[PDB]
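What follows is the content of final.csv, which has CSV, N, CA and C atoms:
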chain,number,residue,atom,x,y,z
A,3,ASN,N,29.5,-6.4,-54.5
A,3,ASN,CA,29.5,-7.9,-54.6
A,3,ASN,C,29.3,-8.5,-53.2
A,4,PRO,N,28.4,-9.5,-53.2
A,4,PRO,CA,28.1,-10.1,-51.9
A,4,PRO,C,29.2,-10.8,-51.2
A,5,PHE,N,30.2,-11.3,-52.0
A,5,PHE,CA,31.4,-11.9,-51.3
A,5,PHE,C,32.4,-11.0,-50.7
A,6,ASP,N,32.3,-9.7,-51.0
A,6,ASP,CA,33.1,-8.6,-50.4
A,6,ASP,C,32.3,-7.8,-49.4
A,7,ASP,N,31.1,-8.1,-49.2
A,7,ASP,CA,30.2,-7.2,-48.4
A,7,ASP,C,30.5,-7.5,-46.9
A,8,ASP,N,31.1,-6.5,-46.2
A,8,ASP,CA,31.4,-6.7,-44.8
A,8,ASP,C,30.1,-6.6,-44.0
A,9,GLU,N,29.0,-6.1,-44.5
A,9,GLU,CA,27.7,-6.1,-43.9
A,9,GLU,C,26.9,-7.4,-44.2
A,10,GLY,N,27.5,-8.4,-44.9
A,10,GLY,CA,26.8,-9.6,-45.2
A,10,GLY,C,26.9,-10.6,-44.0
A,11,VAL,N,26.1,-11.6,-44.2
A,11,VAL,CA,26.0,-12.8,-43.2
A,11,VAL,C,26.5,-14.0,-44.0
A,12,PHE,N,27.4,-14.8,-43.5
A,12,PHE,CA,28.1,-15.8,-44.3
A,12,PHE,C,28.1,-17.2,-43.7
A,13,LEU,N,28.2,-18.1,-44.6
A,13,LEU,CA,28.5,-19.5,-44.3
A,13,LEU,C,29.8,-19.9,-44.9
A,14,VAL,N,30.4,-21.0,-44.4
A,14,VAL,CA,31.6,-21.6,-45.0
A,14,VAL,C,31.1,-23.0,-45.5
A,15,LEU,N,31.5,-23.2,-46.8
A,15,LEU,CA,31.1,-24.5,-47.5
A,15,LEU,C,32.4,-25.3,-47.8
A,16,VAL,N,32.2,-26.6,-47.9
A,16,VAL,CA,33.3,-27.5,-48.3
A,16,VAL,C,32.7,-28.5,-49.3
A,17,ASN,N,33.5,-28.9,-50.2
A,17,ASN,CA,33.2,-29.9,-51.2
A,17,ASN,C,33.8,-31.3,-50.8
A,18,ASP,N,33.6,-32.3,-51.6
A,18,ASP,CA,34.1,-33.6,-51.4
A,18,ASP,C,35.6,-33.7,-51.5
A,19,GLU,N,36.3,-32.7,-52.1
A,19,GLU,CA,37.7,-32.6,-52.3
A,19,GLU,C,38.4,-31.8,-51.2
A,20,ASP,N,37.6,-31.4,-50.2
A,20,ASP,CA,38.1,-30.6,-49.0
A,20,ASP,C,38.6,-29.2,-49.5
A,21,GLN,N,38.0,-28.6,-50.5
A,21,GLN,CA,38.2,-27.2,-50.8
A,21,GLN,C,37.0,-26.4,-50.2
A,22,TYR,N,37.4,-25.2,-49.8
A,22,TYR,CA,36.5,-24.3,-49.0
A,22,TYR,C,36.0,-23.2,-49.9
A,23,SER,N,34.8,-22.7,-49.5
A,23,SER,CA,34.2,-21.5,-50.2
A,23,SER,C,33.4,-20.6,-49.2
A,24,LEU,N,33.7,-19.3,-49.2
A,24,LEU,CA,32.9,-18.4,-48.6
A,24,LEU,C,31.5,-18.4,-49.3
A,25,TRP,N,30.4,-18.1,-48.5
A,25,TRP,CA,29.1,-18.1,-49.2
A,25,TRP,C,28.2,-17.2,-48.5
A,26,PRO,N,27.4,-16.3,-49.2
A,26,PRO,CA,26.4,-15.5,-48.6
A,26,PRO,C,25.2,-16.4,-48.2
A,27,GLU,N,24.7,-16.2,-47.0
A,27,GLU,CA,23.6,-17.1,-46.5
A,27,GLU,C,22.3,-17.0,-47.3
A,28,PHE,N,22.1,-15.8,-47.9
A,28,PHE,CA,20.8,-15.7,-48.6
A,28,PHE,C,20.8,-16.6,-49.9
A,29,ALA,N,21.9,-17.1,-50.3
A,29,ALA,CA,21.9,-17.9,-51.6
A,29,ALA,C,21.8,-19.4,-51.3
A,30,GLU,N,21.1,-20.1,-52.1
A,30,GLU,CA,21.0,-21.6,-52.0
A,30,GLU,C,22.4,-22.2,-52.1
A,31,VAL,N,22.7,-23.2,-51.2
A,31,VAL,CA,23.9,-23.9,-51.3
A,31,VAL,C,24.0,-24.8,-52.5
A,32,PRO,N,25.0,-24.7,-53.4
A,32,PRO,CA,25.0,-25.5,-54.6
A,32,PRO,C,25.3,-27.0,-54.3
A,33,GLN,N,24.9,-27.8,-55.2
A,33,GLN,CA,25.1,-29.2,-55.1
A,33,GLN,C,26.6,-29.5,-55.0
A,34,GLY,N,26.9,-30.6,-54.2
A,34,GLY,CA,28.3,-31.0,-53.9
A,34,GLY,C,29.0,-30.2,-52.9
A,35,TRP,N,28.3,-29.2,-52.2
A,35,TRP,CA,28.8,-28.4,-51.1
A,35,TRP,C,28.0,-28.6,-49.9
A,36,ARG,N,28.6,-28.6,-48.7
A,36,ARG,CA,27.9,-28.7,-47.5
A,36,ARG,C,28.4,-27.6,-46.5
A,37,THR,N,27.5,-27.2,-45.7
A,37,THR,CA,27.8,-26.1,-44.7
A,37,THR,C,28.6,-26.6,-43.5
A,38,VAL,N,29.7,-26.0,-43.2
A,38,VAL,CA,30.5,-26.4,-42.0
A,38,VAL,C,30.6,-25.3,-40.9
A,39,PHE,N,30.2,-24.1,-41.2
A,39,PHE,CA,30.3,-23.0,-40.3
A,39,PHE,C,29.3,-21.9,-40.7
A,40,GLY,N,28.9,-21.1,-39.8
A,40,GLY,CA,28.0,-20.0,-40.0
A,40,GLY,C,26.5,-20.4,-39.7
A,41,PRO,N,25.6,-19.4,-39.8
A,41,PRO,CA,25.8,-18.0,-40.2
A,41,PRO,C,26.7,-17.2,-39.3
A,42,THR,N,27.6,-16.4,-39.8
A,42,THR,CA,28.6,-15.7,-39.1
A,42,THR,C,29.0,-14.5,-39.9
A,43,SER,N,29.9,-13.6,-39.3
A,43,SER,CA,30.4,-12.5,-40.0
A,43,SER,C,31.4,-12.9,-41.0
A,44,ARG,N,31.7,-11.9,-41.9
A,44,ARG,CA,32.7,-12.2,-43.0
A,44,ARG,C,34.1,-12.5,-42.4
A,45,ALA,N,34.5,-11.7,-41.4
A,45,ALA,CA,35.8,-11.9,-40.8
A,45,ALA,C,35.9,-13.2,-40.0
A,46,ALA,N,34.8,-13.6,-39.4
A,46,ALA,CA,34.8,-14.9,-38.7
A,46,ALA,C,34.8,-16.1,-39.6
A,47,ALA,N,34.1,-15.9,-40.7
A,47,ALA,CA,34.1,-17.0,-41.8
A,47,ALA,C,35.5,-17.2,-42.4
A,48,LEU,N,36.2,-16.0,-42.7
A,48,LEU,CA,37.5,-16.1,-43.2
A,48,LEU,C,38.5,-16.7,-42.2
A,49,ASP,N,38.3,-16.3,-40.9
A,49,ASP,CA,39.1,-16.9,-39.9
A,49,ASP,C,38.9,-18.4,-39.8
A,50,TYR,N,37.7,-18.9,-39.9
A,50,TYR,CA,37.4,-20.3,-40.0
A,50,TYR,C,38.2,-21.0,-41.1
A,51,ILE,N,38.1,-20.4,-42.3
A,51,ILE,CA,38.7,-21.0,-43.5
A,51,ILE,C,40.2,-21.0,-43.3
A,52,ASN,N,40.8,-19.9,-42.8
A,52,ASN,CA,42.2,-19.9,-42.6
A,52,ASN,C,42.6,-20.9,-41.5
A,53,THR,N,41.7,-21.3,-40.6
A,53,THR,CA,41.9,-22.2,-39.6
A,53,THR,C,41.9,-23.7,-40.1
A,54,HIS,N,40.9,-24.0,-40.9
A,54,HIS,CA,40.6,-25.3,-41.3
A,54,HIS,C,41.1,-25.8,-42.6
A,55,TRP,N,41.3,-24.9,-43.6
A,55,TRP,CA,41.8,-25.3,-44.9
A,55,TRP,C,43.3,-25.4,-44.9
A,56,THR,N,43.8,-26.5,-44.2
A,56,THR,CA,45.2,-26.7,-44.0
A,56,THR,C,45.6,-28.1,-44.5
B,779,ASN,N,38.4,-25.4,-69.9
B,779,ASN,CA,37.2,-25.2,-70.6
B,779,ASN,C,36.3,-24.2,-69.8
B,780,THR,N,36.3,-23.0,-70.3
B,780,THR,CA,35.7,-21.9,-69.5
B,780,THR,C,34.3,-21.6,-70.0
B,781,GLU,N,33.4,-21.4,-69.1
B,781,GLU,CA,32.0,-20.8,-69.3
B,781,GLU,C,32.0,-19.4,-68.8
B,782,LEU,N,31.4,-18.5,-69.5
B,782,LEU,CA,31.2,-17.1,-69.1
B,782,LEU,C,29.8,-16.9,-68.5
B,783,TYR,N,29.8,-16.4,-67.3
B,783,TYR,CA,28.5,-16.1,-66.6
B,783,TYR,C,28.4,-14.6,-66.3
B,784,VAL,N,27.3,-14.0,-66.5
B,784,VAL,CA,27.0,-12.6,-66.1
B,784,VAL,C,25.9,-12.6,-65.0
B,785,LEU,N,26.3,-12.3,-63.8
B,785,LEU,CA,25.4,-12.5,-62.7
B,785,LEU,C,25.1,-11.2,-62.0
B,786,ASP,N,24.0,-11.1,-61.4
B,786,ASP,CA,23.6,-9.9,-60.6
B,786,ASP,C,24.2,-10.2,-59.1
B,787,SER,N,23.9,-9.2,-58.2
B,787,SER,CA,24.3,-9.3,-56.9
B,787,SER,C,23.7,-10.5,-56.1
B,788,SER,N,22.6,-11.1,-56.6
B,788,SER,CA,22.0,-12.3,-56.0
B,788,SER,C,22.5,-13.6,-56.7
B,789,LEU,N,23.6,-13.5,-57.5
B,789,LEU,CA,24.1,-14.6,-58.2
B,789,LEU,C,23.2,-15.3,-59.2
B,790,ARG,N,22.2,-14.5,-59.7
B,790,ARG,CA,21.3,-14.9,-60.8
B,790,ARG,C,21.8,-14.5,-62.1
B,791,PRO,N,21.7,-15.3,-63.2
B,791,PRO,CA,22.1,-14.9,-64.5
B,791,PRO,C,21.2,-13.8,-65.0
B,792,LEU,N,21.8,-12.9,-65.9
B,792,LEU,CA,21.1,-11.8,-66.4
B,792,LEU,C,20.8,-11.9,-67.8
B,793,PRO,N,19.7,-11.2,-68.3
B,793,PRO,CA,19.3,-11.3,-69.7
B,793,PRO,C,20.2,-10.4,-70.6
B,794,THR,N,19.9,-10.4,-71.9
B,794,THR,CA,20.6,-9.6,-72.8
B,794,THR,C,20.6,-8.1,-72.4
B,795,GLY,N,21.8,-7.5,-72.5
B,795,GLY,CA,22.0,-6.0,-72.3
B,795,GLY,C,22.0,-5.6,-70.8
B,796,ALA,N,21.7,-6.5,-69.9
B,796,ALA,CA,21.8,-6.2,-68.5
B,796,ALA,C,23.2,-6.1,-68.0
B,797,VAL,N,23.5,-5.2,-67.1
B,797,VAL,CA,24.9,-5.0,-66.6
B,797,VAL,C,25.0,-5.9,-65.3
B,798,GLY,N,26.1,-6.8,-65.4
B,798,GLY,CA,26.4,-7.6,-64.2
B,798,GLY,C,27.8,-7.8,-64.0
B,799,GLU,N,28.2,-8.8,-63.2
B,799,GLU,CA,29.6,-9.2,-63.0
B,799,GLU,C,29.9,-10.5,-63.7
B,800,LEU,N,31.1,-10.5,-64.2
B,800,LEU,CA,31.6,-11.7,-64.9
B,800,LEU,C,32.1,-12.8,-64.0
B,801,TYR,N,31.7,-14.0,-64.1
B,801,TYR,CA,32.2,-15.1,-63.4
B,801,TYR,C,32.6,-16.2,-64.4
B,802,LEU,N,33.7,-16.8,-64.1
B,802,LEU,CA,34.3,-17.8,-65.0
B,802,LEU,C,34.1,-19.2,-64.4
B,803,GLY,N,33.6,-20.1,-65.2
B,803,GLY,CA,33.4,-21.5,-64.8
B,803,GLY,C,34.6,-22.4,-65.4
B,804,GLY,N,34.5,-23.7,-65.0
B,804,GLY,CA,35.6,-24.6,-65.4
B,804,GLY,C,36.9,-24.3,-64.9
B,805,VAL,N,37.0,-23.6,-63.7
B,805,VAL,CA,38.3,-23.2,-63.2
B,805,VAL,C,38.9,-24.4,-62.4
B,806,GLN,N,40.2,-24.5,-62.5
B,806,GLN,CA,41.0,-25.6,-61.8
B,806,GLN,C,42.2,-24.9,-61.3
B,807,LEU,N,42.5,-25.1,-60.0
B,807,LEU,CA,43.7,-24.7,-59.3
B,807,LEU,C,44.4,-25.9,-58.7
B,808,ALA,N,45.6,-25.6,-58.3
B,808,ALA,CA,46.5,-26.7,-57.7
B,808,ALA,C,45.8,-27.3,-56.5
B,809,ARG,N,45.8,-28.6,-56.4
B,809,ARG,CA,45.1,-29.3,-55.3
B,809,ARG,C,46.0,-29.6,-54.1
B,810,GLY,N,47.3,-29.6,-54.3
B,810,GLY,CA,48.2,-30.0,-53.2
B,810,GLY,C,48.6,-28.9,-52.3
B,811,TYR,N,48.5,-27.6,-52.7
B,811,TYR,CA,48.9,-26.5,-51.9
B,811,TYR,C,48.0,-25.3,-52.0
B,812,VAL,N,47.6,-24.8,-50.8
B,812,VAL,CA,46.7,-23.7,-50.7
B,812,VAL,C,47.3,-22.7,-49.7
B,813,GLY,N,48.2,-21.9,-50.1
B,813,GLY,CA,48.9,-21.0,-49.2
B,813,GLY,C,48.1,-19.8,-48.7
B,814,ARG,N,47.0,-19.5,-49.4
B,814,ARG,CA,46.2,-18.3,-49.1
B,814,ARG,C,44.7,-18.8,-49.1
B,815,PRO,N,44.3,-19.6,-48.1
B,815,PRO,CA,43.0,-20.3,-48.2
B,815,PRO,C,41.8,-19.3,-48.1
B,816,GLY,N,41.9,-18.3,-47.3
B,816,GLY,CA,40.7,-17.3,-47.2
B,816,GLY,C,40.5,-16.6,-48.5
B,817,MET,N,41.6,-16.0,-49.0
B,817,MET,CA,41.5,-15.3,-50.3
B,817,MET,C,41.0,-16.2,-51.4
B,818,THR,N,41.5,-17.4,-51.4
B,818,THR,CA,41.0,-18.4,-52.4
B,818,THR,C,39.5,-18.7,-52.3
B,819,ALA,N,39.1,-18.9,-51.0
B,819,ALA,CA,37.7,-19.2,-50.8
B,819,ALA,C,36.8,-18.0,-51.1
B,820,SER,N,37.3,-16.8,-51.0
B,820,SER,CA,36.5,-15.6,-51.4
B,820,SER,C,36.6,-15.3,-52.9
B,821,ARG,N,37.6,-15.8,-53.6
B,821,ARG,CA,37.8,-15.5,-55.0
B,821,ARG,C,37.3,-16.6,-55.9
B,822,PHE,N,37.4,-17.9,-55.5
B,822,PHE,CA,36.9,-19.0,-56.2
B,822,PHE,C,35.8,-19.7,-55.4
B,823,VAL,N,34.5,-19.4,-55.8
B,823,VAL,CA,33.4,-19.6,-54.9
B,823,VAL,C,32.6,-20.8,-55.4
B,824,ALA,N,31.7,-21.4,-54.6
B,824,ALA,CA,30.9,-22.5,-55.0
B,824,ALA,C,30.1,-22.2,-56.3
B,825,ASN,N,30.0,-23.1,-57.2
B,825,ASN,CA,29.4,-22.9,-58.5
B,825,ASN,C,27.9,-23.4,-58.5
B,826,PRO,N,26.9,-22.5,-58.6
B,826,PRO,CA,25.5,-22.9,-58.6
B,826,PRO,C,25.1,-23.6,-59.9
B,827,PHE,N,26.0,-23.5,-60.9
B,827,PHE,CA,25.6,-23.9,-62.3
B,827,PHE,C,26.3,-25.2,-62.8
B,828,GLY,N,27.6,-25.3,-62.5
B,828,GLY,CA,28.4,-26.4,-63.0
B,828,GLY,C,28.2,-27.7,-62.3
B,829,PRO,N,29.1,-28.6,-62.4
B,829,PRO,CA,29.0,-29.9,-61.7
B,829,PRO,C,29.1,-29.7,-60.2
B,830,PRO,N,28.6,-30.7,-59.5
B,830,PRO,CA,28.7,-30.6,-58.0
B,830,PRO,C,30.1,-30.5,-57.6
B,831,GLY,N,30.3,-29.6,-56.6
B,831,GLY,CA,31.7,-29.3,-56.1
B,831,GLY,C,32.5,-28.4,-56.9
B,832,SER,N,32.1,-27.9,-58.0
B,832,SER,CA,32.9,-27.0,-58.9
B,832,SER,C,32.9,-25.6,-58.3
B,833,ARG,N,33.7,-24.7,-58.9
B,833,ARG,CA,33.9,-23.4,-58.4
B,833,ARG,C,33.8,-22.4,-59.6
B,834,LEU,N,33.5,-21.2,-59.3
B,834,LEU,CA,33.5,-20.0,-60.2
B,834,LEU,C,34.6,-19.0,-59.8
B,835,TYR,N,35.2,-18.5,-60.9
B,835,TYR,CA,36.2,-17.5,-60.7
B,835,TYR,C,35.5,-16.1,-60.7
B,836,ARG,N,35.5,-15.5,-59.5
B,836,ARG,CA,34.9,-14.2,-59.3
B,836,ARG,C,35.8,-13.1,-59.8
B,837,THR,N,35.6,-12.6,-61.1
B,837,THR,CA,36.5,-11.7,-61.7
B,837,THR,C,36.5,-10.3,-61.1
B,838,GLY,N,35.3,-9.9,-60.6
B,838,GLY,CA,35.2,-8.5,-60.1
B,838,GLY,C,35.1,-7.5,-61.3
B,839,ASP,N,34.8,-8.0,-62.5
B,839,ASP,CA,34.7,-7.1,-63.7
B,839,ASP,C,33.2,-7.0,-64.1
B,840,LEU,N,32.9,-5.8,-64.5
B,840,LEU,CA,31.5,-5.5,-65.0
B,840,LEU,C,31.4,-5.8,-66.5
B,841,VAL,N,30.4,-6.5,-66.9
B,841,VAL,CA,30.2,-6.8,-68.3
B,841,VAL,C,28.7,-6.8,-68.6
B,842,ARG,N,28.3,-7.0,-69.8
B,842,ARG,CA,26.9,-7.2,-70.2
B,842,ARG,C,27.0,-8.1,-71.5
B,843,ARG,N,25.9,-8.9,-71.6
B,843,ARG,CA,25.8,-9.9,-72.7
B,843,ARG,C,25.1,-9.3,-73.8
B,844,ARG,N,25.6,-9.5,-75.0
B,844,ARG,CA,24.9,-9.0,-76.3
B,844,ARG,C,23.9,-10.0,-76.8
B,845,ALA,N,23.2,-9.7,-77.9
B,845,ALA,CA,22.2,-10.5,-78.4
B,845,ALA,C,22.7,-11.8,-78.9
B,846,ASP,N,23.9,-11.9,-79.5
B,846,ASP,CA,24.5,-13.1,-80.0
B,846,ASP,C,25.1,-13.9,-78.8
B,847,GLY,N,25.0,-13.5,-77.6
B,847,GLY,CA,25.5,-14.3,-76.5
B,847,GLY,C,26.9,-13.8,-76.0
B,848,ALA,N,27.6,-13.0,-76.8
B,848,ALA,CA,28.9,-12.6,-76.5
B,848,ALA,C,28.9,-11.6,-75.4
B,849,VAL,N,30.1,-11.4,-74.8
B,849,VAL,CA,30.2,-10.5,-73.6
B,849,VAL,C,31.0,-9.3,-73.9
B,850,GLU,N,30.5,-8.1,-73.5
B,850,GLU,CA,31.1,-6.8,-73.7
B,850,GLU,C,31.6,-6.3,-72.3
B,851,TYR,N,32.9,-5.9,-72.3
B,851,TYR,CA,33.6,-5.5,-71.1
B,851,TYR,C,33.2,-4.0,-70.8
B,852,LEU,N,33.0,-3.7,-69.5
B,852,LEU,CA,32.6,-2.4,-69.1
B,852,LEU,C,33.5,-1.8,-68.0
B,853,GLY,N,34.5,-2.5,-67.5
B,853,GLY,CA,35.4,-2.0,-66.5
B,853,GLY,C,35.4,-2.7,-65.2
B,854,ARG,N,36.4,-2.6,-64.4
B,854,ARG,CA,36.5,-3.3,-63.1
B,854,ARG,C,35.7,-2.5,-62.0
B,855,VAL,N,35.0,-3.3,-61.2
B,855,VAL,CA,34.2,-2.7,-60.1
B,855,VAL,C,35.1,-2.0,-59.1
Before we go any further, please render this structure as structure tokens.
Amino acid sequence: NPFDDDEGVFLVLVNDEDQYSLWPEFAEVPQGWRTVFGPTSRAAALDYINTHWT
Amino acid sequence: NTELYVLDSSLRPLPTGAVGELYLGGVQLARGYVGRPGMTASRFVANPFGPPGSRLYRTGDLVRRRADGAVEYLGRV
């Protein structure tokens, strides 16, 4: 699964309700979501989400 | 109100009989409290198909769709 792939390259997305989503960079960003971080490693993206989704 | 999706590793829907992963749409979680934000962001991901800003529940389960559109379970990844 791309969301569990430690060899992946990742973005962090947020919606208008301030919820966050990990995202593989190869995939198109869905409507209603905007990129706030990345491209970056999986661990750094999760670090960002744990930092900002507060 | 849940929608069943059978996606490949590129998050594309799959045709009848193809083996993919089950994702659930129409998911709603608590809005006031997110004690595990990273895990939540990796398990409930942006939804390419539903309304803008919606999320899919990444089950981690292998399934395939039958001719009548119903889903057959094949085991956890």
Selected residue, from B:817, B:812, B:796, B:789, that lies nearest to residue 843 (chain B) when counting only N, CA and C atoms: B:796
Can you tell me how far CA of residue 16 (chain A) sits from atom N of residue 798 (chain B), in Å to one decimal? 27.8 Å
Considering all atoms listed in the file, state which residue in the set A:53, A:27, A:6, A:33 is at the smallest distance from chain B.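 The shortest atom-to-atom distance to chain B comes from A:33.
Residues of region 3-54 of chain A carrying a DSSP assignment of alpha helix (DSSP H), computed from the backbone, are residues 44, 45, 46, 47, 48, 49, 50, 51, 52, 53 and 54 of chain A.
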Neighbours of residue 35 (chain A) within 7 Å (all atoms listed in the file; same-chain residues fewer than 4 positions away dropped), as a ChimeraX atom specification? /A:15-18,31 /B:830-831
